[PDB]
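Beneath this line is the structure, given in structure tokens, with notes to follow.
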Amino acid sequence: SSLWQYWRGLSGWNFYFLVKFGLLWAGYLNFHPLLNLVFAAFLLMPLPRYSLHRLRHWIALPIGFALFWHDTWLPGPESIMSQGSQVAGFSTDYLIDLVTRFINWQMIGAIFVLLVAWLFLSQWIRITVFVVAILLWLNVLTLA
Amino acid sequence: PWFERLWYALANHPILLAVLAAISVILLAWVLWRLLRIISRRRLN
Amino acid sequence: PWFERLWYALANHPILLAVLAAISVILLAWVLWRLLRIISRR
Amino acid sequence: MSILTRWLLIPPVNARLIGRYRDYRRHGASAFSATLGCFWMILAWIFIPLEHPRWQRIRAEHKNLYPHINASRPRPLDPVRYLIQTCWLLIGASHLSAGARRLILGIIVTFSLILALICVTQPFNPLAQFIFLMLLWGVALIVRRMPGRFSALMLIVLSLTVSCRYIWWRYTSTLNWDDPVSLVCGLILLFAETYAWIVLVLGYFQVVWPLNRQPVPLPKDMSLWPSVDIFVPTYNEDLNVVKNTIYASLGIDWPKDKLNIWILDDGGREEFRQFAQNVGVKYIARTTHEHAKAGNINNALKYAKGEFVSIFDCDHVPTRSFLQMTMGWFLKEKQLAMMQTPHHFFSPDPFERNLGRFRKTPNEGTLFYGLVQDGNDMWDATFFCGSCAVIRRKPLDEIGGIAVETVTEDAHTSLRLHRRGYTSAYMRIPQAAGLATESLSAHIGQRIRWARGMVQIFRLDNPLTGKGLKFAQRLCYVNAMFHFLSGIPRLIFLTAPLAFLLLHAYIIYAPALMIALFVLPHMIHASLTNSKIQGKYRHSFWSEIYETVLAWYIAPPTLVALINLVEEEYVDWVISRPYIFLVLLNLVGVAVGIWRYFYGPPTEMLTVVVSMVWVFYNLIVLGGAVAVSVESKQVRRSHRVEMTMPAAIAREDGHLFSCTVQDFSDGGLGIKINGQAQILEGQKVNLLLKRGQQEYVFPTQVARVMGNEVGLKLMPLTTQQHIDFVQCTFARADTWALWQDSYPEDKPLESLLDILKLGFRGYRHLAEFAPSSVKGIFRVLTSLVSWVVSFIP
Ligand SMILES: Nc1nc2c(ncn2[C@@H]2O[C@@H]3COP(=O)(O)O[C@H]4[C@@H](O)[C@H](n5cnc6c(=O)[nH]c(N)nc65)O[C@@H]4COP(=O)(O)O[C@H]3[C@H]2O)c(=O)[nH]1
Ligand SMILES: Nc1nc2c(ncn2[C@@H]2O[C@@H]3COP(=O)(O)O[C@H]4[C@@H](O)[C@H](n5cnc6c(=O)[nH]c(N)nc65)O[C@@H]4COP(=O)(O)O[C@H]3[C@H]2O)c(=O)[nH]1
């Protein structure tokens with residue numbers, strides 16, 4: 001078209017990228033700058049129809065979920081599928097203890113305050129440009 | 001040293017102190033709201 | 001030797017005696033200023 | 001040499017360049033500016049695709065949406081501005097038992113107070129304090145969007161916890177006991193902030209629960225209604241300002257058998273005597289002029305014989321519903337001895353007139369008469385405010401009449417009535433409107449008189465330590481009296497950073513981060529709580545402007561009492577001297593601070609920034625104060641009130657046309673006609689106004705015709721026509737209530753932007769006239785740099 005007014009921005013994915021950046025800063029992430037940049041480009045790809053935009057978001061949701069799982073240090077799906085039966089057969093006390101040790105309240109508080117700050121910013125300061133700039137900076141640093 | 005002990009108990013817990021402060025605010029607001037309703041009803045009669 | 005004992009007291013207690021000394025200095029300065037103004041006006 | 005240009009450059013581009021050069025030469029723009037503009041244009045069109053229709057469509061409405069950029073006025077560093085604005089936009093977003101209940105209340109209260117004490121007195125590391133800040137601020141923000149009184153109480157308690165934390169931190173770990181110079185001034189600032197905290201706490205208590213008293217219906221029988229006497233004391237006001245008051249009084253919806261209107265004249269003027277004789281109202285002109293207005297009212301009471309006495313100022317016109325909306329409670333409470341009504345000002349106040357915000361910002365006094373008196377109503381501390389009030393004469397005779405000691409006689413007589421056991425009441429609906437002060441000097445003077453009277457009452461009657469009087473009443477009165485002792489703390493606040501910047505003196509011995517993490521929550525929570533409580537009464541950050549305007553003129557008289565028609569625009573130099581002096585001191589401080597940011601110790605980098613931002617806030621406040629001190633043009637004899645009413649106009653040939661009244665004054669009206677039916681600039685016109693279902697006719701002469709808008713001038717009216725006109729324009733019991741209800745709410749960020757613009761406007765105002773010539777150059781330089789920065793935001 002003449003305008004190509006389809007660069008609406010990352011919208012809710014700004015919080016996703018901010019969470020990834022914060023986790024990487026904390027040191028718990030195996031970050032993939034190339035995959036993150038490709039995913040951001042996919043999210044920012046202009047589409048004429050709004051139906052195609054919605055379909056792209058729906059398709060990118062599980063892709064983003066899988067990318068977030070991959071970029072972490074959690075074990076892969078093979079271990080989960082092999083140990084699901086053992087976890088089901090384990091006692092409730094061990095599962096409760098594992099859940100308690102898995103959850104960090106400091107992490108939850110940091111994520112919540114980051115979400116509130118993201119809400120405030122997205123109300124006053126847009127975040128797509130900052131996210132793209134940070135991703136480009138990380139890619140340049142890693143490649144160089 | 002009891003105040004030192006209490007401070008050291010919550011030395012680095014901002015979330016818990018925020019929760020406690022909100023609880024205190026809500027309860028004191030309720031008590032004041034009740035008292036002021038009573039005084040307002042007595043005042044307009 | 002009132003200055004010597006005043007300095008010794010200030011060294012002994014730097015919280016309450018410091019405030020008392022400041023208040024006394026302010027009051028003495030105000031009284032002296034009023035007296036000097038009255039004398040000059042005469 | 002045009003052949004070479006034609007050969008080297010394609011003729012369209014050559015013609016474009018020649019035309020642009022000629023246009024900029026005709027407008028006086030430099031040729032080098034045109035060359036740079038063309039260079040930027042070509043380098044952009046080759047390095048930036050301006051052929052994209054998206055940007056063309058944006059440019060189509062760019063002028064309307066962004067009129068601050070001119071394509072025909074090049075300036076140095078334009079591309080930097082374009083990039084900065086683009087970056088801003090891309091960044092920016094486009095029941096039970098008694099004992100059990102008392103024990104339950106005790107345990108709940110003690111648990112809550114213990115938790116509050118823990119919250120106040122918990123030392124932190126900066127990250128923990130910041131998290132606490134964000135969490136409590138978010139709680140306040142959430143509770144803000146919840147209408148009602150419970151949310152107001154929650155915000156009050158949260159603000160009190162934050163402020164107590166701040167004061168605890170200041171008194172524990174900010175006082176530096178090392179230096180004799182970093183001690184006296186630091187304690188002075190600490191005492192100023194403690195006074196401010198006490199004033200804030202007492203104000204929160206005062207308006208913790210507005211009573212929202214409602215009128216009590218009067219008995220259906222008209223023989224049980226009481227006799228009311230209206231007093232209008234005048235000393236030197238012209239008859240043109242008391243005529244409307246008397247006409248509105250003559251039209252009050254009260255039985256004329258039980259309504260006597262008195263005109264009290266301390267000037268012995270014969271015009272007022274003849275006016276009283278003509279209109280049929282009473283008249284008293286006392287021979288001895290003692291005790292001023294209080295003595296006049298006492299002498300009037302010596303002759304008047306009525307159950308109730310209602311005191312009206314000369315400029316205050318009552319609505320016809322005043323007595324019906326007021327007298328209900330006097331027949332319900334036998335102990336009542338005083339009722340108060342809000343003071344409204346249809347005339348523009350000096351702030352509203354000079355600063356250009358009349359119907360946008362609320363009035364200075366609508367916080368008091370809208371919230372503070374309603375709060376005092378609950379604690380039975382609603383004091384007499386001079387006018388728009390009713391006093392029962394039986395209680396007033398016991399106290400010996402209006403008190404004659406202080407210059408604020410109304411507050412004194414109300415205090416005496418409260419000390420004799422009688423109560424008071426307040427009614428929120430504005431039923432009388434008056435004239436505001438015509439200049440800043442008048443406002444300063446009347447505030448000075450009020451403050452002197454209040455300090456005199458504090459020293460003489462001493463509500464804290466007297467006779468029978470409830471504790472809440474004591475607190476309310478002492479808060480009203482302490483409100484006028486805030487000049488010294490304001491001066492300290494305006495002159496505090498200059499201490500450190502000029503003479504090295506650590507007032508607050510803490511890192512700048514901790515100061516920002518402790519002082520800021522206090523201010524934020526106070527602002528939010530007030531914005532919720534005094535929502536449609538006072539916009540944020542405006543109270544400081546009034547305080548700084550009054551401070552230098554209220555502090556001396558209050559301290560002493562404690563011990564014992566604008567033809568041309570102009571700047572009141574005499575009034576504005578303190579503001580200019582404080583501006584000079586603060587800016588010499590900022591120059592010293594700019595020096596210190598480089599040639600000072602590097603460790604004092606954030607501290608200098610904190611002091612500089614404090615100085616900048618001081619300068620904005622003082623600039624607003626100066627902006628108040630320039631008087632706008634005023635050539636209107638009578639002030640106009642913007643009110644929309646349907647009407648009709650009658651011509652001499654018998655044709656009638658509809659019109660919409662848009663404003664009215666004492667001697668004229670302004671109407672709008674859809675199509676300018678038939679009217680010329682000298683023709684007589686009968687104006688048809690409806691009060692309910694009744695139509696009234698008033699002779700008028702056309703003064704101005706400017707298309708749809710027509711200005712009318714009232715013909716000499718008879719007494720009955722005057723009464724009807726007042727009842728149809730001024731004394732309508734809908735204008736003032738809807739006026740107050742149409743005030744916009746409080747938006748703190750928009751208020752900050754408005755105050756910044758006001759300070760800039762005041763600086764530009766002083767960039768034209770200068771008392772001391774030298775200041776001229778400095779002011780011009782400041783304005784120049786300021787507008788350059790504004791153009792480069
Ligand atoms: N001959 C004549 N023309 C009148 C009269 N009232 C209004 N106009 C005309 O109508 C325009 C709009 O004035 P506004 O709506 O009252 O809005 C006015 C008003 O808010 C203010 N203003 C101007 N002069 C005065 C003044 O002497 N006193 C006050 N209080 N405001 C004034 O400035 C605005 C713009 O006024 P202008 O630029 O003069 O432009 C005025 C003027 O051309 C009037 O009584 N006589
Ligand atoms: N409500 C209302 N009343 C109107 C209007 N036009 C005229 N009047 C009434 O007619 C009187 C004479 O106004 P004028 O002959 O235009 O003579 C005016 C005019 O020359 C000047 N003036 C007053 N206000 C303005 C204003 O806002 N702008 C300008 N440009 N001149 C004004 O001062 C003179 C005295 O005016 P006032 O003292 O106000 O007295 C005014 C006022 O009572 C109008 O649009 N609305």
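Residues in the structure tokens are named by chain (A, B, ... in the order shown) and by number from 1 within that chain; ligands are numbered from 1 in the order shown.
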Which residues of chain C come within 12 Å of chain D, and what is each one's closest atom pair and distance in Å (one decimal), counting only C-alpha atoms, sorted by chain and residue number, as a tab-separated table?
residue	atom	partner	partner_atom	distance
C:10	CA	D:177	CA	11.8
C:11	CA	D:178	CA	11.7
C:13	CA	D:177	CA	11.3
C:14	CA	D:177	CA	7.5
C:15	CA	D:177	CA	7.6
C:16	CA	D:177	CA	10.9
C:17	CA	D:177	CA	11.7
C:18	CA	D:177	CA	8.8
C:19	CA	D:184	CA	9.0
C:20	CA	D:184	CA	11.9
C:21	CA	D:180	CA	10.6
C:22	CA	D:184	CA	7.7
C:23	CA	D:184	CA	9.7
C:25	CA	D:184	CA	11.1
C:26	CA	D:184	CA	10.1
Export of prior selection with N, CA and C atoms as a short mmCIF file (atom, residue, chain, number, x, y, z; two decimals), in the first residue's frame:
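Dumped everything to part15.cif:
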data_model
loop_
_atom_site.label_atom_id
_atom_site.label_comp_id
_atom_site.auth_asym_id
_atom_site.auth_seq_id
_atom_site.Cartn_x
_atom_site.Cartn_y
_atom_site.Cartn_z
N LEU C 10 30.79 21.39 76.91
CA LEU C 10 30.41 21.09 75.54
C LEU C 10 31.10 19.82 75.04
N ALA C 11 32.37 19.64 75.41
CA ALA C 11 33.07 18.41 75.06
C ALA C 11 32.45 17.20 75.74
N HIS C 13 29.20 16.70 76.77
CA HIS C 13 27.90 16.37 76.18
C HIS C 13 27.70 17.18 74.90
N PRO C 14 27.75 16.56 73.73
CA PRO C 14 27.60 17.30 72.47
C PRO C 14 26.19 17.39 71.92
N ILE C 15 25.18 16.87 72.62
CA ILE C 15 23.82 16.86 72.07
C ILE C 15 22.95 17.89 72.78
N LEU C 16 22.71 17.69 74.07
CA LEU C 16 21.85 18.60 74.81
C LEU C 16 22.56 19.92 75.12
N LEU C 17 23.82 19.84 75.57
CA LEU C 17 24.54 21.06 75.92
C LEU C 17 24.84 21.91 74.69
N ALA C 18 25.02 21.28 73.53
CA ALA C 18 25.19 22.05 72.30
C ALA C 18 23.95 22.88 72.00
N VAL C 19 22.77 22.28 72.13
CA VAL C 19 21.53 23.00 71.89
C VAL C 19 21.35 24.11 72.92
N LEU C 20 21.65 23.81 74.19
CA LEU C 20 21.52 24.83 75.22
C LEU C 20 22.47 26.00 74.96
N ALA C 21 23.70 25.71 74.54
CA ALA C 21 24.65 26.76 74.23
C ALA C 21 24.18 27.59 73.04
N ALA C 22 23.63 26.94 72.02
CA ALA C 22 23.11 27.68 70.87
C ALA C 22 21.97 28.60 71.27
N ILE C 23 21.05 28.10 72.10
CA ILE C 23 19.93 28.93 72.55
C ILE C 23 20.43 30.11 73.38
N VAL C 25 23.39 31.53 73.21
CA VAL C 25 24.07 32.46 72.32
C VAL C 25 23.06 33.31 71.56
N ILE C 26 21.98 32.69 71.07
CA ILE C 26 20.96 33.44 70.35
C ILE C 26 20.31 34.48 71.25
#
Near-ligand residues for ligand 2, threshold 12 Å, only C-alpha atoms and all ligand atoms, as number ranges by chain: D: 565-567, 632-644, 661-672, 681-682, 700-715, 729
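The list of chain B residues within 10 Å of chain A is residues 13, 14 and 15 of chain B; this uses only C-alpha atoms.
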Given the selection you just returned, output its residues as a file containing N, CA and C atoms, formatted as an mmCIF file, in the first residue's frame.
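Listing of again30.cif after writing:
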data_model
loop_
_atom_site.group_PDB
_atom_site.id
_atom_site.type_symbol
_atom_site.label_atom_id
_atom_site.label_comp_id
_atom_site.auth_asym_id
_atom_site.auth_seq_id
_atom_site.Cartn_x
_atom_site.Cartn_y
_atom_site.Cartn_z
ATOM 1 N N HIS B 13 13.232 -6.907 53.849
ATOM 2 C CA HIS B 13 11.917 -7.405 53.447
ATOM 3 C C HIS B 13 10.989 -6.228 53.178
ATOM 4 N N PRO B 14 11.048 -5.655 51.979
ATOM 5 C CA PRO B 14 10.160 -4.532 51.655
ATOM 6 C C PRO B 14 8.737 -4.967 51.334
ATOM 7 N N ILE B 15 8.580 -6.133 50.703
ATOM 8 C CA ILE B 15 7.248 -6.621 50.353
ATOM 9 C C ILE B 15 6.431 -6.899 51.611
#
Per residue of chain B within 8 Å of chain D, which atom pair is closest and at what distance in Å (one decimal), using only C-alpha atoms, listed by chain and increasing number, as a Markdown table?
| residue | atom | partner | partner_atom | distance |
| --- | --- | --- | --- | --- |
| B:7 | CA | D:122 | CA | 5.9 |
| B:10 | CA | D:122 | CA | 7.7 |
| B:11 | CA | D:124 | CA | 6.5 |
| B:12 | CA | D:128 | CA | 6.2 |
| B:13 | CA | D:128 | CA | 7.0 |
| B:14 | CA | D:132 | CA | 5.1 |
| B:15 | CA | D:132 | CA | 6.9 |
| B:17 | CA | D:119 | CA | 6.3 |
| B:18 | CA | D:132 | CA | 6.0 |
| B:20 | CA | D:115 | CA | 6.2 |
| B:21 | CA | D:116 | CA | 6.1 |
| B:22 | CA | D:139 | CA | 7.8 |
| B:23 | CA | D:112 | CA | 7.5 |
| B:24 | CA | D:112 | CA | 4.4 |
| B:25 | CA | D:157 | CA | 5.8 |
| B:26 | CA | D:154 | CA | 6.3 |
| B:27 | CA | D:112 | CA | 6.6 |
| B:28 | CA | D:112 | CA | 6.4 |
| B:29 | CA | D:154 | CA | 5.3 |
| B:30 | CA | D:150 | CA | 7.4 |
| B:31 | CA | D:105 | CA | 7.4 |
| B:32 | CA | D:153 | CA | 7.5 |
| B:33 | CA | D:150 | CA | 6.5 |
| B:36 | CA | D:209 | CA | 6.9 |
| B:39 | CA | D:378 | CA | 7.8 |
| B:40 | CA | D:211 | CA | 6.5 |
| B:43 | CA | D:378 | CA | 6.7 |
| B:44 | CA | D:213 | CA | 7.5 |
The selected residues should be written to file as a PDB file, in the first residue's frame (atoms: N, CA and C atoms).
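Output (part-v7.pdb):
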ATOM      1  N   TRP B   7      14.424  -4.850  63.950  1.00  0.00           N
ATOM      2  CA  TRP B   7      14.916  -4.303  62.690  1.00  0.00           C
ATOM      3  C   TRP B   7      15.662  -5.358  61.885  1.00  0.00           C
ATOM      4  N   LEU B  10      13.411  -7.781  59.894  1.00  0.00           N
ATOM      5  CA  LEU B  10      12.896  -7.276  58.624  1.00  0.00           C
ATOM      6  C   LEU B  10      13.885  -6.317  57.971  1.00  0.00           C
ATOM      7  N   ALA B  11      15.171  -6.674  57.996  1.00  0.00           N
ATOM      8  CA  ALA B  11      16.198  -5.795  57.447  1.00  0.00           C
ATOM      9  C   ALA B  11      16.043  -5.620  55.942  1.00  0.00           C
ATOM     10  N   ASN B  12      15.702  -6.688  55.231  1.00  0.00           N
ATOM     11  CA  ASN B  12      15.652  -6.679  53.773  1.00  0.00           C
ATOM     12  C   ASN B  12      14.362  -7.316  53.277  1.00  0.00           C
ATOM     13  N   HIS B  13      13.232  -6.907  53.849  1.00  0.00           N
ATOM     14  CA  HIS B  13      11.917  -7.405  53.447  1.00  0.00           C
ATOM     15  C   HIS B  13      10.989  -6.228  53.178  1.00  0.00           C
ATOM     16  N   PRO B  14      11.048  -5.655  51.979  1.00  0.00           N
ATOM     17  CA  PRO B  14      10.160  -4.532  51.655  1.00  0.00           C
ATOM     18  C   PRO B  14       8.737  -4.967  51.334  1.00  0.00           C
ATOM     19  N   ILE B  15       8.580  -6.133  50.703  1.00  0.00           N
ATOM     20  CA  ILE B  15       7.248  -6.621  50.353  1.00  0.00           C
ATOM     21  C   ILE B  15       6.431  -6.899  51.611  1.00  0.00           C
ATOM     22  N   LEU B  17       6.845  -5.634  54.638  1.00  0.00           N
ATOM     23  CA  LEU B  17       6.535  -4.390  55.334  1.00  0.00           C
ATOM     24  C   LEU B  17       5.456  -3.606  54.605  1.00  0.00           C
ATOM     25  N   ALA B  18       5.460  -3.645  53.273  1.00  0.00           N
ATOM     26  CA  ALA B  18       4.378  -3.023  52.520  1.00  0.00           C
ATOM     27  C   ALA B  18       3.044  -3.686  52.832  1.00  0.00           C
ATOM     28  N   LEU B  20       2.250  -5.280  55.630  1.00  0.00           N
ATOM     29  CA  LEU B  20       1.879  -4.900  56.991  1.00  0.00           C
ATOM     30  C   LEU B  20       1.344  -3.474  57.045  1.00  0.00           C
ATOM     31  N   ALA B  21       1.994  -2.555  56.328  1.00  0.00           N
ATOM     32  CA  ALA B  21       1.541  -1.170  56.308  1.00  0.00           C
ATOM     33  C   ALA B  21       0.160  -1.050  55.681  1.00  0.00           C
ATOM     34  N   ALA B  22      -0.094  -1.790  54.599  1.00  0.00           N
ATOM     35  CA  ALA B  22      -1.419  -1.759  53.987  1.00  0.00           C
ATOM     36  C   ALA B  22      -2.476  -2.315  54.933  1.00  0.00           C
ATOM     37  N   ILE B  23      -2.148  -3.391  55.650  1.00  0.00           N
ATOM     38  CA  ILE B  23      -3.087  -3.959  56.614  1.00  0.00           C
ATOM     39  C   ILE B  23      -3.417  -2.937  57.695  1.00  0.00           C
ATOM     40  N   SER B  24      -2.386  -2.285  58.234  1.00  0.00           N
ATOM     41  CA  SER B  24      -2.603  -1.291  59.276  1.00  0.00           C
ATOM     42  C   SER B  24      -3.428  -0.122  58.757  1.00  0.00           C
ATOM     43  N   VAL B  25      -3.147   0.322  57.532  1.00  0.00           N
ATOM     44  CA  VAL B  25      -3.891   1.433  56.949  1.00  0.00           C
ATOM     45  C   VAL B  25      -5.362   1.074  56.814  1.00  0.00           C
ATOM     46  N   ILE B  26      -5.654  -0.120  56.295  1.00  0.00           N
ATOM     47  CA  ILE B  26      -7.046  -0.515  56.092  1.00  0.00           C
ATOM     48  C   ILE B  26      -7.776  -0.632  57.424  1.00  0.00           C
ATOM     49  N   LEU B  27      -7.139  -1.242  58.425  1.00  0.00           N
ATOM     50  CA  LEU B  27      -7.812  -1.413  59.709  1.00  0.00           C
ATOM     51  C   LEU B  27      -8.050  -0.078  60.412  1.00  0.00           C
ATOM     52  N   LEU B  28      -7.045   0.804  60.430  1.00  0.00           N
ATOM     53  CA  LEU B  28      -7.237   2.113  61.048  1.00  0.00           C
ATOM     54  C   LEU B  28      -8.269   2.932  60.290  1.00  0.00           C
ATOM     55  N   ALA B  29      -8.292   2.811  58.961  1.00  0.00           N
ATOM     56  CA  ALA B  29      -9.315   3.487  58.181  1.00  0.00           C
ATOM     57  C   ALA B  29     -10.702   2.985  58.547  1.00  0.00           C
ATOM     58  N   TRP B  30     -10.851   1.674  58.754  1.00  0.00           N
ATOM     59  CA  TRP B  30     -12.148   1.136  59.155  1.00  0.00           C
ATOM     60  C   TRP B  30     -12.575   1.675  60.515  1.00  0.00           C
ATOM     61  N   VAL B  31     -11.653   1.694  61.478  1.00  0.00           N
ATOM     62  CA  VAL B  31     -11.996   2.175  62.818  1.00  0.00           C
ATOM     63  C   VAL B  31     -12.392   3.647  62.771  1.00  0.00           C
ATOM     64  N   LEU B  32     -11.604   4.456  62.060  1.00  0.00           N
ATOM     65  CA  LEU B  32     -11.915   5.874  61.942  1.00  0.00           C
ATOM     66  C   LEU B  32     -13.227   6.090  61.206  1.00  0.00           C
ATOM     67  N   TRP B  33     -13.494   5.288  60.178  1.00  0.00           N
ATOM     68  CA  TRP B  33     -14.738   5.412  59.432  1.00  0.00           C
ATOM     69  C   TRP B  33     -15.937   5.127  60.320  1.00  0.00           C
ATOM     70  N   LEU B  36     -16.280   8.098  62.855  1.00  0.00           N
ATOM     71  CA  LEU B  36     -16.748   9.315  62.214  1.00  0.00           C
ATOM     72  C   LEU B  36     -18.195   9.193  61.761  1.00  0.00           C
ATOM     73  N   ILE B  39     -20.134   9.854  64.962  1.00  0.00           N
ATOM     74  CA  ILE B  39     -20.117  11.269  65.323  1.00  0.00           C
ATOM     75  C   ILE B  39     -20.966  12.083  64.355  1.00  0.00           C
ATOM     76  N   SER B  40     -20.965  11.719  63.070  1.00  0.00           N
ATOM     77  CA  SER B  40     -21.785  12.431  62.098  1.00  0.00           C
ATOM     78  C   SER B  40     -23.267  12.249  62.385  1.00  0.00           C
ATOM     79  N   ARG B  43     -24.158  14.264  65.267  1.00  0.00           N
ATOM     80  CA  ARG B  43     -24.001  15.683  64.982  1.00  0.00           C
ATOM     81  C   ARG B  43     -25.209  16.250  64.248  1.00  0.00           C
ATOM     82  N   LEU B  44     -25.817  15.462  63.368  1.00  0.00           N
ATOM     83  CA  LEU B  44     -26.963  15.904  62.586  1.00  0.00           C
ATOM     84  C   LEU B  44     -28.289  15.698  63.301  1.00  0.00           C
TER      85      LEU B  44
END
According to DSSP computed on the backbone, where in chain B is there alpha helix (DSSP H)? Give the residues as a ChimeraX atom specification. /B:2-9,14-43
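For the atom pair formed by CA of residue 129 in chain A and CA of residue 48 in chain A, the distance is 21.3 Å, given to one decimal.
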Pull the strand (DSSP E or B) assignments for range 527-763 of chain D out of DSSP run on the backbone, and list those residues as a PyMOL selection string. chain D and resi 566+570-571+630-631+634+641-650+656-665+668-672+684-691+694-706+709-714
Near residue 502 in chain D, within 12 Å and counting only C-alpha atoms, which residues show up once chain neighbours fewer than 6 positions away are dropped, as a CSV table (one decimal) with N, CA and C atoms, in the first residue's frame?
chain,number,residue,atom,x,y,z
D,495,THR,N,14.9,29.9,50.8
D,495,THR,CA,16.2,30.4,51.0
D,495,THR,C,17.1,29.3,51.7
D,496,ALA,N,16.7,28.0,51.6
D,496,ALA,CA,17.5,27.0,52.3
D,496,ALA,C,18.6,26.5,51.4
D,585,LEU,N,18.7,36.4,44.5
D,585,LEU,CA,19.5,35.6,45.4
D,585,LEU,C,19.5,34.1,44.9
D,586,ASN,N,18.4,33.6,44.5
D,586,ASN,CA,18.4,32.2,44.0
D,586,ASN,C,19.2,32.0,42.8
D,587,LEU,N,19.2,33.0,41.8
D,587,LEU,CA,20.0,32.8,40.6
D,587,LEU,C,21.5,33.1,40.8
D,588,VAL,N,21.8,33.9,41.8
D,588,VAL,CA,23.2,34.0,42.1
D,588,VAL,C,23.7,32.7,42.8
D,589,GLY,N,22.8,32.1,43.5
D,589,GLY,CA,23.1,30.8,44.1
D,589,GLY,C,23.2,29.7,43.0
D,590,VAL,N,22.4,29.8,41.9
D,590,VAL,CA,22.5,28.8,40.8
D,590,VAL,C,23.8,29.0,40.0
D,591,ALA,N,24.3,30.3,39.9
D,591,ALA,CA,25.5,30.5,39.3
D,591,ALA,C,26.7,29.9,40.1
D,592,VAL,N,26.6,30.2,41.4
D,592,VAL,CA,27.7,29.6,42.3
D,592,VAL,C,27.6,28.0,42.2
D,593,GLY,N,26.4,27.5,42.1
D,593,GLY,CA,26.3,26.0,42.0
D,593,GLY,C,26.8,25.5,40.7
D,594,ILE,N,26.6,26.2,39.6
D,594,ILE,CA,27.1,25.8,38.3
D,594,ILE,C,28.7,25.8,38.4
D,595,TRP,N,29.2,26.8,39.1
D,595,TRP,CA,30.7,26.9,39.3
D,595,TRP,C,31.1,25.6,40.1
D,596,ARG,N,30.3,25.3,41.2
D,596,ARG,CA,30.7,24.2,42.1
D,596,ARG,C,30.6,22.8,41.4
D,608,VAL,N,24.9,18.9,44.7
D,608,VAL,CA,24.8,20.1,43.9
D,608,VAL,C,23.6,20.0,43.0
D,611,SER,N,20.5,20.5,45.2
D,611,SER,CA,20.3,21.9,45.5
D,611,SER,C,19.9,22.7,44.3
D,612,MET,N,20.4,22.4,43.1
D,612,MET,CA,20.0,23.1,41.9
D,612,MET,C,18.5,22.8,41.6
Range 131-139 of chain A environment, 12 Å, only C-alpha atoms, sequence neighbours closer than 5 positions dropped, as a PyMOL selection string: (chain A and resi 9-21+24-25+31-41+43-44+118+126+144) or (chain D and resi 90-91)
Restricted to C-alpha atoms, what would the selected residues look like written as a short mmCIF file (atom, residue, chain, number, x, y, z; two decimals), in the first residue's frame?
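Output file out.cif is given in full below:
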data_model
loop_
_atom_site.label_atom_id
_atom_site.label_comp_id
_atom_site.auth_asym_id
_atom_site.auth_seq_id
_atom_site.Cartn_x
_atom_site.Cartn_y
_atom_site.Cartn_z
CA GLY A 9 4.69 -2.12 17.67
CA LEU A 10 5.51 -5.08 19.87
CA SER A 11 2.57 -4.16 22.16
CA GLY A 12 2.43 -6.80 24.93
CA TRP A 13 5.66 -8.48 23.83
CA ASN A 14 7.61 -5.57 25.34
CA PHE A 15 7.01 -7.12 28.77
CA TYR A 16 8.15 -10.51 27.44
CA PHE A 17 11.40 -9.02 26.14
CA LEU A 18 11.91 -7.05 29.37
CA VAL A 19 11.49 -10.25 31.40
CA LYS A 20 14.03 -11.98 29.16
CA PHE A 21 16.47 -9.08 29.57
CA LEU A 24 19.68 -12.59 31.42
CA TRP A 25 21.02 -9.83 33.66
CA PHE A 31 20.46 -16.04 25.84
CA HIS A 32 20.19 -16.41 22.05
CA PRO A 33 20.46 -12.91 20.53
CA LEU A 34 19.87 -14.17 16.98
CA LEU A 35 16.69 -16.06 17.87
CA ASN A 36 15.39 -13.12 19.91
CA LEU A 37 16.10 -10.71 17.04
CA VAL A 38 14.36 -13.00 14.53
CA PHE A 39 11.36 -13.32 16.85
CA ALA A 40 11.22 -9.53 17.27
CA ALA A 41 11.36 -9.06 13.49
CA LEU A 43 6.50 -9.66 15.70
CA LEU A 44 7.21 -6.36 13.90
CA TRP A 118 6.03 -1.60 31.98
CA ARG A 126 6.46 3.27 24.20
CA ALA A 144 31.85 -8.82 17.36
CA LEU D 90 9.16 7.19 19.41
CA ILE D 91 9.86 7.06 23.14
#
Got a sec to pull out which chain A residues are within 7 Å of chain D, counting only C-alpha atoms, and send them as number ranges by chain? A: 2-3, 122-127, 129
